[PDB]
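Protein chains in written order, with the deposited numbering: chain B, 23 to 103; chain F, 25 to 103; chain D, 32 to 122; chain H, 29 to 123; chain G, 16 to 119; chain C, 16 to 121; chain A, 42 to 136; chain E, 37 to 136. C-beta: ideal position from N, C-alpha, C; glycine also.
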Amino acid sequence: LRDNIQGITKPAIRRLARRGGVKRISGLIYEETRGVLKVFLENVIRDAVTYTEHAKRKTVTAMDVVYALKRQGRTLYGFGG
Amino acid sequence: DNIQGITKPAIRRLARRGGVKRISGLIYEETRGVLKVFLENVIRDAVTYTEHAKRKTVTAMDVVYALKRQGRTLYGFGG
Amino acid sequence: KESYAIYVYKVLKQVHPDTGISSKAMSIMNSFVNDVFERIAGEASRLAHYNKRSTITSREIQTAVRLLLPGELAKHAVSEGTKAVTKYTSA
Amino acid sequence: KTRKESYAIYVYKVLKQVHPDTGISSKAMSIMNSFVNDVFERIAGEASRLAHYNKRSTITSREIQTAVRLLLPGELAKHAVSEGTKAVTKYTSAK
Amino acid sequence: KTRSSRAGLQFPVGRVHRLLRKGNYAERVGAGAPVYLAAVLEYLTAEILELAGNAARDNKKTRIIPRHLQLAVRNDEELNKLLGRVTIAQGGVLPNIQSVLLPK
Amino acid sequence: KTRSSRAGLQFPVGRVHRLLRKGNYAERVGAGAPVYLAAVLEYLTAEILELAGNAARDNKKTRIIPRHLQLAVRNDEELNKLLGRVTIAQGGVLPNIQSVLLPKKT
Amino acid sequence: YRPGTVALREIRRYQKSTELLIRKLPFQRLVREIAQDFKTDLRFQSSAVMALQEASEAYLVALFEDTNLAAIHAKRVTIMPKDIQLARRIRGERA
Amino acid sequence: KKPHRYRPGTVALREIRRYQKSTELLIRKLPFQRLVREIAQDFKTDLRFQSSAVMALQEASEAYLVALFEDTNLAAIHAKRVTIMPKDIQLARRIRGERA
DNA sequence: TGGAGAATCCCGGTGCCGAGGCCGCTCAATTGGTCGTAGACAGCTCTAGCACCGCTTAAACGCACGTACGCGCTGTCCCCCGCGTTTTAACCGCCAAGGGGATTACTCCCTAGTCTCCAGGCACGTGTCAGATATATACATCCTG
DNA sequence: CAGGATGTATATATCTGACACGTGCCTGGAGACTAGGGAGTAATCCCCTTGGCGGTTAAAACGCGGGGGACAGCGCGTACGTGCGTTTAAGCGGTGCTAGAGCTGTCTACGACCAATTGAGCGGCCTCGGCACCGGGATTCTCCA
Numbered sequence: 023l024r025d026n027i028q029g030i031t032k033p034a035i036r037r038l039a040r041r042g043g044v045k046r047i048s049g050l051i052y053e054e055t056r057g058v059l060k061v062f063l064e065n066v067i068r069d070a071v072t073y074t075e076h077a078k079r080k081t082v083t084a085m086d087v088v089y090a091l092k093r094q095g096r097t098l099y100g101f102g103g
Numbered sequence: 025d026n027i028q029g030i031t032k033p034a035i036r037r038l039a040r041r042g043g044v045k046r047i048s049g050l051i052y053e054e055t056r057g058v059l060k061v062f063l064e065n066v067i068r069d070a071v072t073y074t075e076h077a078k079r080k081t082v083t084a085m086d087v088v089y090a091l092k093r094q095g096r097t098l099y100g101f102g103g
Numbered sequence: 032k033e034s035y036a037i038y039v040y041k042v043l044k045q046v047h048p049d050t051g052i053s054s055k056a057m058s059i060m061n062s063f064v065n066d067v068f069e070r071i072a073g074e075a076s077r078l079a080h081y082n083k084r085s086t087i088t089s090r091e092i093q094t095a096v097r098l099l100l101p102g103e104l105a106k107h108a109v110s111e112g113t114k115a116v117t118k119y120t121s122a
Numbered sequence: 029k030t031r032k033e034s035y036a037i038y039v040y041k042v043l044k045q046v047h048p049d050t051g052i053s054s055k056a057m058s059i060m061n062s063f064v065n066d067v068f069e070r071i072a073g074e075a076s077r078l079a080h081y082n083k084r085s086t087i088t089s090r091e092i093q094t095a096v097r098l099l100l101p102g103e104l105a106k107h108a109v110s111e112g113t114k115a116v117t118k119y120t121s122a123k
Numbered sequence: 016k017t018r019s020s021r022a023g024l025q026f027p028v029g030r031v032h033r034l035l036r037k038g039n040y041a042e043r044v045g046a047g048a049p050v051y052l053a054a055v056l057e058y059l060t061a062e063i064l065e066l067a068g069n070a071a072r073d074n075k076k077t078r079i080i081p082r083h084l085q086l087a088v089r090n091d092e093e094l095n096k097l098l099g100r101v102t103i104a105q106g107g108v109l110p111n112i113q114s115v116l117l118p119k
Numbered sequence: 016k017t018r019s020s021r022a023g024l025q026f027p028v029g030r031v032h033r034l035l036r037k038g039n040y041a042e043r044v045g046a047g048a049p050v051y052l053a054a055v056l057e058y059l060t061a062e063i064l065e066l067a068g069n070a071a072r073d074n075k076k077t078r079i080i081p082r083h084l085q086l087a088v089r090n091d092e093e094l095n096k097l098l099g100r101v102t103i104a105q106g107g108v109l110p111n112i113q114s115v116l117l118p119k120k121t
Numbered sequence: 042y043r044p045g046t047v048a049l050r051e052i053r054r055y056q057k058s059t060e061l062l063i064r065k066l067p068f069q070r071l072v073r074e075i076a077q078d079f080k081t082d083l084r085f086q087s088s089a090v091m092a093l094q095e096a097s098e099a100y101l102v103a104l105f106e107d108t109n110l111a112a113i114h115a116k117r118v119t120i121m122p123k124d125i126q127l128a129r130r131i132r133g134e135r136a
Numbered sequence: 037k038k039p040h041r042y043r044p045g046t047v048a049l050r051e052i053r054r055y056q057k058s059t060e061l062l063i064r065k066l067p068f069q070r071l072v073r074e075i076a077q078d079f080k081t082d083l084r085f086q087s088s089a090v091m092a093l094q095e096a097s098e099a100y101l102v103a104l105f106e107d108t109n110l111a112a113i114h115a116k117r118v119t120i121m122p123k124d125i126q127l128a129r130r131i132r133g134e135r136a
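See the structure below:
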């Protein structure tokens, strides 16, 4: 179909690493970083879809996602209410 | 004084199990320090577990739940 | 003062009928089964608490084992459990 | 129609208590709301855990100050048990 | 009158009581437990809000933004110790640059 | 009759039922929830002594030491991902040496 | 051509900022096309997809900061994906 | 030479194989007992200990140290080295979340 | 060294929409009473922890030396950084439509709770054989040749 | 390549105490029975999610040139490593003991259950000013001659 994961771009990755505080970045880290973000999205989104499916819902509200990052202890604030 | 009782050949044996050939001379005392920090945290949770239920001794159950609180849960001693 | 000795012992006799188990390994086994018990029951309790459904039943614990175990073992355990509950509701 | 239960105006009162010239935001109000019931969940669940250790159905002030021993750093925890004992003595001294 | 005024508190003894009642953490409760819970949440909210007010007042700000509470938590050691595994929404990142990457 | 025999399972459904009743998870418990509990735990321990019996079989012993438990958990990738944060008592560490650790040129 | 200092200049530009870094519509199409696997014709909410945004940003800058310290231990200012491999090994995601 | 002398590294390989083979006790347990009693009366005196308790903390410390030492070892190979430095274990403690 | 310019900080006006504040209604909070049931405490039982004592003995301790690995230096090459033009596609504001979340209303099932009977599960006793230990032998390494 | 030289896998002789089986007494497990509210199911309505197009314009893609970092190699210093003799106190056996954890029993007060009572609290709607945004000047520092 399409590329989608290549929809995010390399200057976005330089911004993200620039918040982390680097100077020099290799050009081959991008595909591997995209794969890391893909499998992190797998590990949250699977809990998200079964949490949606449990309560007769086909629409993901914010609160079960707060529970999804709560599940592996990476809890997020400002959306649980 | 007795923190130094955890001896240098024991750290060598621990390194041989962990997977190391070559060790540095400055390793062992700071390893004893960070190990001491680990038993500091574990022993604080164990002593407040002991003191909460009115006993003046520490069994194995409460230190298992102390490591459960710390996320380092251990089998073979109940719980 | 109860334990999980003889159910797991005859489970071992059913799977591997010609082996034994020491007391330390049985303590490992007992601590394992009660550990996964309180983990899966705490997730079931959270699942009941979350969507104001104050009754715990088969669909909620099915979702709880969807969350707990990873994929392949999750589908295998879920399928075996629903065939067990279908056998129970038939009997 | 239904009652969206929150903790907003109460820490608005404590905010006007401590700093009389500062405002709040709704987004900041959401981190405050999520933070306070998150600490409520851990403190009450761990109090339940200590209730189940001692095989008692009765829960009180003492396992919750034991939970302040557990899930808090030390000096903040001993300030917290001082505050909790002060508040509960002010309550229990009310004739 | 009410139990908040009887305990000299702002956090609700009655609502914290009712939440912990139907949150079925235990079968029965004493009287001092919701008072204690209201006290400790009052202290933690007051401490974090005091640090947020300080972080607002050195940045000449009067409306509290998530950047200010991120400054409140991440620049204080026991708040790092207790708020360790969280994510702060729209809060930025603590500035920390290694001296190796600094020029000359 | 027993609900374990009625469901064809092995763990006691009534014991699981009252332990989950008095472990205050909820004040209402459904019918098939302890049946589902017993089924999933018996499946899990079936794999555990499956791998433990195999590890004892390739170690020419018939009594299982927790070393066989350790090679049971740490060799299955899915089960290691599940329970890998749990320390197994007197389990030891697997033989794992890197290729740049042993001497070269044979 | 002005070398080097513009990197630290945008370091200081991005460490004070609070805005979002991944552009949101590629991420929106990404979560649509990965949620097409689990359950088709599935629906979302805006607050939920910003929650995935915030979680992904926090995890990724934690990863990049640990990568920076791996590179400093490597006596390099250039980051290389074996530092990513070490940082994922540290969290136990690999082993 | 006339006396046999094994070259260094080979007997290190022998010890890592010999110690990954077995599950025998590693840290000597009565100095550990003196250590926990030292910490115990450092906090609050006249405290007693159980044997199963003291082997529980001993085995927990064994597990924490072998995991930390394997991680700092692989960090030392990552630093293009075969020796562990203290800065390797500083990176291990910082990166694993135990320090910051 | 001196000077050009590129961004950052500060400075001023403004306009807005986000926060403050007041208001009316109602649902949870509170006042009061009861009854029983875990909790508090005391008295007894007894287990498990505590603690000296010697003896053989594995294991820690200490030192020599040497080697091969840690670490600084240097040189080279090409990999990203940084700039600029062209291209890309995303923001926002707008308008349409409907699927599905959220709430209400009814009914019945099944699960809480008591009572009663009973058998499986657990404390206790046991005799025995898998596995720990022992010593002689093949074998699979490594080191100088 | 290659020979000898040692640590280690294997092999049976033997011994012991944990491991699994047997007994029965007993407290949960199950059958029977009642009842009531939690939730299944259905119907209504309305937020709110998705789709989509066009002007604007900020941001991405690609090319080019170079200089600084990544890496290969090298050379020299000493740090543990290996192996010997040396010194230490762990470890098993054995026993006295005493201190506090656990079981039993009984009174009691306090907290769940129920009804009734009402204002704290929470959505709804109005108002203003703090701060983001547009625009412009003062201030730093960085790199070139």
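Segment contact flag, the region 52–59 of chain E with the region 34–54 of chain F, C-beta cutoff 8 Å, min 3 pairs: yes
Contacting positions in the region 48–72 of chain C - beta carbon closer than 8 Å to chain F: none
DSSP bridge partner residues for E:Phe85 (one or two, in chain order): Translated into positions along the eighth sequence, residue 85 of chain E becomes position 49. DSSP, once it has assigned bridges, lists F:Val82 as partnering E:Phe85.
Three-state secondary structure (DSSP) of G:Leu24: The residue given as residue 24 of chain G occupies position 9 in the fifth sequence. G:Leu24 falls in the coil class under three-state DSSP.
Sequence-distant residues of the same chain with beta carbon closer than 8 Å to C:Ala54, five excluded per side: Residue numbering aside, residue 54 of chain C sits at position 39 when the sixth sequence is read from its first letter. Excluding residues within five positions, the ones whose Cβ falls inside 8 Å are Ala22, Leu24.
B:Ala70: contacting residues in chain D (beta-carbon distance under 8 Å): In the first sequence, counting from the first residue as 1, residue 70 of chain B sits at position 48. Per Cβ cutoff of 8 Å: no residues; B:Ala70 is ~11 Å from chain D at best.
Proximity of F:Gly29 and E:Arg70 at Cβ, strictly below 8 Å: Residue 29 of chain F sits at position 5 when you count from the first residue of the second sequence. Residue 70 of chain E sits at position 34 when you count from the first residue of the eighth sequence. Result yes, Cβ atoms of F:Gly29 and E:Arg70 sit closer than 8 Å.
Integer-rounded CB distance, given that A:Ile63 should sit under 8 Å from B:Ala34: One-based indexing of the first sequence puts residue 34 of chain B at position 12. One-based indexing of the seventh sequence puts residue 63 of chain A at position 22. 5 Å between Cβ atoms; contact.
Span separating the alpha-carbon of G:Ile79 from that of G:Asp91: In the fifth sequence, counting from the first residue as 1, residue 79 of chain G sits at position 64. In the fifth sequence, counting from the first residue as 1, residue 91 of chain G sits at position 76. Going by the C-alpha atoms only, they are around 18 Å apart.
Best match in D:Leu43, D:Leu100, D:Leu104 for proximity to B:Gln94 [C-alpha to C-alpha]: Along the first sequence, one-based indexing puts residue 94 of chain B at 72. Selected option, being the one with the closest Cα: D:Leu100.
Below-8 Å beta-carbon distance, D:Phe68 vs any chain F residue: Along the third sequence, read from residue 1 onward, the residue named residue 68 of chain D stands at position 37. No, its Cβ sits nowhere closer than 8 Å to a Cβ of chain F.
Limits of the unbroken alpha helix (DSSP H) element including A:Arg129: Your numbering for residue 129 of chain A matches position 88 in the seventh sequence. Per DSSP, A:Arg129 belongs to the alpha helix (DSSP H) from 122–131.
According to DSSP, residues forming a beta bridge with B:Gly57: For the purposes of this step, residue 57 of chain B is identified with residue 35 of the first sequence, where counting begins at 1. Paired residue(s): none; B:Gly57 is not in a bridge.
Buried versus exposed call for C:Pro81 [16 or more other C-beta atoms within 10 Å across all chains shown]: Within the sixth sequence, numbered from 1, the residue matching residue 81 of chain C stands at position 66. Per the 10 Å Cβ criterion, buried.
Beta bridge counterpart(s) of F:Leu98 as assigned by DSSP: Numbered from 1 along the second sequence, position 74 holds the residue referred to as residue 98 of chain F. DSSP output for F:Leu98 lists C:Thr102 as bridge partner(s).
Positions along the region 71–103 of chain E whose CB lies within less than 7 Å of some CB in chain C: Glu95, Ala96, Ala99, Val102
Assigned secondary structure, C:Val115 (DSSP; H/G/I helix, E/B strand, else coil): As a working note, residue 115 of chain C is residue 100 in the sixth sequence. Coil.
Proximal residues to F:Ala70 (C-beta, below 7 Å), its chain only, five neighbours per side dropped: Locating residue 70 of chain F in the second sequence gives position 46, counting from the first residue. The answer, listed in chain order, is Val82, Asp86, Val87, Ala90.
H:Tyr81 CB to nearest heavy atom of the ligand PLP below 7 Å: Absence of the ligand PLP is noted for the structure shown, with no ligands found whatsoever.
Test: B:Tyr99 CB closer than 8 Å to a CB of chain H: Along the first sequence, one-based indexing puts residue 99 of chain B at 77. True, the Cβ-Cβ gap to chain H drops below 8 Å.
Reduced DSSP secondary structure (H/G/I, E/B, other) of H:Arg84: One-based indexing of the fourth sequence puts residue 84 of chain H at position 56. Three-state DSSP puts H:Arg84 in coil, outside helix and strand.
Residue-level contact to chain A via CB, G:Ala104, 8 Å cutoff: Here residue 104 of chain G refers to the residue found at position 89 when the fifth sequence is read from its first residue. Closer than 8 Å: yes.
Contact set between E:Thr119 and chain F, taken where Cβ atoms lie within less than 9 Å: As a working note, residue 119 of chain E is residue 83 in the eighth sequence. Per Cβ cutoff of 9 Å: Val44, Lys45, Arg46, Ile47, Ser48.
The alpha helix (DSSP H) enclosing A:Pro67, as first and last residue numbers: Position 26 of the seventh sequence holds residue 67 of chain A. Run containing A:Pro67: 65–79, per the alpha helix (DSSP H) assignment.
Enclosing alpha helix (DSSP H) for D:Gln93 [first to last residue]: The residue given as residue 93 of chain D occupies position 62 in the third sequence. Where D:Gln93 is concerned, the enclosing alpha helix (DSSP H) stretches over 89–99.
Residue nearest to E:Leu93 in terms of C-alpha spacing, selected from E:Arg84, E:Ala48, E:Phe68: One-based indexing of the eighth sequence puts residue 93 of chain E at position 57. Here the closest residue by C-alpha is E:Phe68.
Cutoff 8 Å: G:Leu97 Cβ touching any chain A Cβ: As a working mapping, residue 97 of chain G is identified with position 82 in the fifth sequence. Cβ-Cβ to chain A under 8 Å: no for G:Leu97.
Assumed close pair C:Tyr40, D:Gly112 - CB separation to whole angstroms, cut-off 8 Å: Numbered from its first residue, the sixth sequence carries residue 40 of chain C at position 25. Numbered from its first residue, the third sequence carries residue 112 of chain D at position 81. About 18 Å; that fails the 8 Å criterion.
Status (buried if at least 16 other CB within 10 Å, exposed otherwise) for A:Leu66: Numbered from 1 along the seventh sequence, position 25 holds the residue referred to as residue 66 of chain A. Looking at its Cβ environment, which holds fewer than 16 other Cβ atoms inside 10 Å, A:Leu66 is exposed.
One or two residues paired with D:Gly51 in a DSSP bridge: Here residue 51 of chain D refers to the residue found at position 20 of the third sequence. Paired residue(s): C:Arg78.
Segment contact flag, the region 31–47 of chain H with the region 64–71 of chain G, C-beta cutoff 8 Å, min 3 pairs: yes
Reference D:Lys114, options C:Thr17, C:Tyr58, C:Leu116, C:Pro118, closest by Cα: On the third sequence, position 83 is the one that residue 114 of chain D refers to. The candidate whose alpha carbon is nearest that of D:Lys114 is C:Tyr58.
Partners in chain D for C:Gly38, counting only beta-carbon separations shorter than 7 Å: Taking the first residue of the sixth sequence as 1, we reach residue 38 of chain C at position 23. Residues of chain D passing the Cβ test: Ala72.
Distance between D:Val39 and C:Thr60 (C-alpha atoms, nearest Å): Locating residue 60 of chain C in the sixth sequence gives position 45, counting from the first residue. Locating residue 39 of chain D in the third sequence gives position 8, counting from the first residue. Near 7 Å, if we compare the C-alpha coordinates of D:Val39 and C:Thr60.
Proximity to E:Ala115 [Cα-Cα], best of A:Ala115, A:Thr119, A:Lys123: Within the eighth sequence, numbered from 1, the residue matching residue 115 of chain E stands at position 79. Selected option, being the one with the closest Cα: A:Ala115.
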